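Participant: Please read through the structure below; I'll follow up with questions.
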Amino acid sequence: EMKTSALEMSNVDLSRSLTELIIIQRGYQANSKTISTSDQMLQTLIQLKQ
Amino acid sequence: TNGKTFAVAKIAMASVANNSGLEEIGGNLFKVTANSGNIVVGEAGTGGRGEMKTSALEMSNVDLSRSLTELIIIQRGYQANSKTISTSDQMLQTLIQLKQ
Amino acid sequence: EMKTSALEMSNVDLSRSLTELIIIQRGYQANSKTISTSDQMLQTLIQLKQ
Amino acid sequence: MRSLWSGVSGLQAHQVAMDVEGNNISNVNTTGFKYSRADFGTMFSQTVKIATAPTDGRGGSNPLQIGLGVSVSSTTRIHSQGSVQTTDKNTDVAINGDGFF
Amino acid sequence: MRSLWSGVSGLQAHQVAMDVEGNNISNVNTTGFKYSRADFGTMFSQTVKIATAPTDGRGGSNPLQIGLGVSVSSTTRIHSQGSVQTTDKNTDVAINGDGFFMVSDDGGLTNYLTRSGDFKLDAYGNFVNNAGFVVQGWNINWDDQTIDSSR
Amino acid sequence: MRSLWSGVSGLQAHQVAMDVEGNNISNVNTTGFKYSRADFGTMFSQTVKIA
């Protein structure tokens, strides 16, 4: 049914959102490490020949 | 200044059978070309073309992480081929020095 | 019309300004990376001959 | 080489935007001020090859242009009405709509 | 000798990719921009020998081609929708889906398409974007007080 | 080389999750809004040998 003279707000809970802002960030940081070490091994390869 | 507020003009838009087939120019301009299509003029929202959004401006679609990582990829591949050429040179100087 | 005995302040909103101070900075940083990698490829070129 | 030029291009462009922004923030509080903003547009692109219509059992092909650099097209001033404050001096009017002294 | 040519080939190829990438990063923030990307494809391979079917008590044999070099097949533009920001100028629309604005330096004989929209009036009546061109569309007829879209 | 590709993969994945989350937080208070969430799944694995 309709509910008159009243307005329906968003269902977004906020704590759930902020914690995910942490999670995403840390995982992002980690993969960012993977790529870096992967680069350094490459520069060791290319410098191996000199 | 009178009470009235008439609409004074109207803006057309258009669409092509193939985006990205069409060629770029300087400025933010694009240009019709072969492997693109004809302009197909129409109104603001009826041909399957989207509506205007007033008082707002549309930023570039460039994601940045995707770009930076490619700056790494390109560089490392470049470095490697740079090694290939070098060893290929050294074998040549060994050849020419072989006769002495 | 005139409005007497009152003075009209600047229209500058401030949040809009500060956020742009962030945007400009980060884009600046990025292009600054482009130039750097572009230099390193050049020094690899000149060192290629030795 | 090419990427170096485009890269320095974007760099000075962002410099120019920073200057205007620096002015806007620099004179908050000054009466009657109207802030401006920088605008960007792409530089002309080199076209290595032309697009082609389908022919002998082949499909069409996209144009192969590179695209090099970015530059400032224009600044724009903006004239929205500002906030008002009262003073104690009778002789200091502020217009409430449009038009200038 | 051979490896030298293939090697310089890959080198200029990566150069070409670097240029396009350099452009993409170079004009972040410019309105209405759509980024592109480079694409690679192998060069024709020399075939020193032909593959053969099994015969007199022998098995088959693989073709013996070398394969030399790499080169750029094509760039591609990409047209995903960009992020929006509001402004304080009423006359600066941004389309929300597909299709482009038309402009022309003339009476409209040579249209150009754009997704940018920094439209603004001049001292004169013409309704102009940044640097010159007058946006296409159509005007009202005062006798009828009506727009006439069909033409 | 291989780990580099997988590594950039996870990176853009987390980027995509961040965008959706950014939207959800961005429009709190808007009436009638219903939030969304991203979901992940592994890419096909190379099998060097058989059991």
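All Cβ positions, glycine included, derive from the backbone under ideal geometry; neighbour counts span all protein chains shown. Read the figures in this text as sums done on the coordinates, not as results from a lab.
Participant: Considering every residue within region F:14-26, establish whether at least one is among the aliphatic types (A, V, I, L, M) and more than 22 Å from residue B:68 (Cα to Cα).
Facilitator: Yes, region F:14-26 has at least one match.
Participant: Moving to a separate point now. State whether one or more residues within region D:25-44 are in contact with a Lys or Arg (Cβ under 9 Å, 6 or more places away or on another chain), within 14 Å of chain E (Cβ to nearest Cβ), buried (at least 19 other Cβ atoms within 10 Å of the Cβ) and not charged (D, E, K, R).
Facilitator: Looking for residues that are in contact with a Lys or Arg (Cβ under 9 Å, 6 or more places away or on another chain), within 14 Å of chain E (Cβ to nearest Cβ), buried (at least 19 other Cβ atoms within 10 Å of the Cβ) and not charged (D, E, K, R), one finds at least one in region D:25-44, hence yes.
Participant: Let me ask something else. List every residue pair whose Cβ atoms lie under 9 Å apart, where the two residues are 6 or more positions apart in sequence or sit on different chains, the first residue falls within region C:22-50 and is of a type in the set (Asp, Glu), and the second residue, located anywhere, is surrounded by 14 or more Cβ atoms within 10 Å (Cβ to Cβ).
Facilitator: C:39/D:4
Participant: Criterion first (surrounded by 15 or more Cβ atoms within 10 Å (Cβ to Cβ) and either more than 7 Å from every other protein chain (Cβ to nearest Cβ) or part of a strand (DSSP E or B) (or both)) does residue B:37 satisfy it?
Facilitator: Answer is yes for this residue.
Participant: Just checking, which of E:66, E:140 is of a type in the set (A, V, I, L, M), within 27 Å of residue B:46 (Cβ to Cβ) and surrounded by fewer than 18 Cβ atoms within 10 Å (Cβ to Cβ)?
Facilitator: Result of the check over E:66, E:140: E:140.
Participant: Does residue F:9 count as facing another protein chain (nearest Cβ under 9 Å), part of a helix (DSSP H, G or I), touching a helix residue (DSSP H, G or I) at 6+ places or on another chain (Cβ under 6 Å) and polar (S, T, N, Q)?
Facilitator: In short, no.
Participant: Could you list, in sequence order, the residues of region B:1-24 that are crowded, with 16+ Cβ neighbours inside 10 Å and aliphatic (A, V, I, L, M)? Break it down into steps so the answer makes sense when it comes.
Facilitator: We begin by selecting, within region B:1-24, every residue crowded, with 16+ Cβ neighbours inside 10 Å; these are B:11-16, B:19-24.
Residues satisfying the conditions are B:11, B:12, B:13, B:14, B:16, B:22.
Participant: Show the residue pairs that are 6+ apart or on different chains and have beta-carbon atoms under 7 Å apart, the first residue being within region B:71-97 and facing chain E (nearest Cβ under 9 Å), the second being of a type in the set (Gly, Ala, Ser) and assigned to a helix (DSSP H, G or I).
Facilitator: What qualifies is B:74/E:17; B:81/E:7; B:81/E:10; B:84/E:3; B:84/E:7; B:85/E:7; B:88/E:3; B:88/E:7.
Participant: Select from region B:41-70 the residues that are basic (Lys, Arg) and facing chain E (nearest Cβ under 7 Å) and list them in ascending order.
Facilitator: B:49, B:53
Participant: So residue B:29 fits all but one of (1) at the interface with chain E (Cβ under 8 Å from one of its Cβ atoms); (2) touching a helix residue (DSSP H, G or I) at 6+ places or on another chain (Cβ under 9 Å); what number is the exception?
Facilitator: (2)
Participant: Can you find a residue in region E:1-15 that is under 30 Å from residue B:58 (Cβ atoms) and crowded, with 19+ Cβ neighbours inside 10 Å?
Facilitator: No, region E:1-15 contains no residue that is under 30 Å from residue B:58 (Cβ atoms) and crowded, with 19+ Cβ neighbours inside 10 Å.
Participant: List the pairs whose first member sits in region E:9-28 and is of a type in the set (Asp, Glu), whose second member is assigned to a helix (DSSP H, G or I), and whose Cβ atoms are under 6 Å apart, counting only residues at least 6 apart or on separate chains?
Facilitator: Sorted first by the residue in region E:9-28, then by its partner, the pairs are E:19/D:2; E:19/D:3; E:21/B:70.
Participant: Quick one: in region D:32-66, which of the residues that are under 26 Å from residue E:121 (Cα atoms) and either outside any strand (DSSP E or B) or among the aliphatic types (A, V, I, L, M) (or both) is farthest from the chain's Cα centre (by Cα)? Reasoning before the result, please.
Facilitator: Narrowing region D:32-66 to residues under 26 Å from residue E:121 (Cα atoms): D:32-44.
Okay, now just the ones that are also either outside any strand (DSSP E or B) or among the aliphatic types (A, V, I, L, M) (or both), so D:32-35, D:38, D:43-44.
Working: D:32: 23, D:33: 19, D:34: 16, D:35: 13, D:38: 3, D:43: 14, D:44: 17 Å.
Taking the candidates together, the pick is D:32.
Participant: What are the pairs with Cβ atoms under 8 angstrom where one residue, in region D:84-101, is among the hydroxyl-bearing types (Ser, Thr, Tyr) and the other, located anywhere, is in a loop (DSSP other than H, G, I, E, B) and surrounded by 10 or more Cβ atoms within 10 Å (Cβ to Cβ)? Sequence gap at least six, or different chains.
Facilitator: D:86/C:5; D:87/C:5
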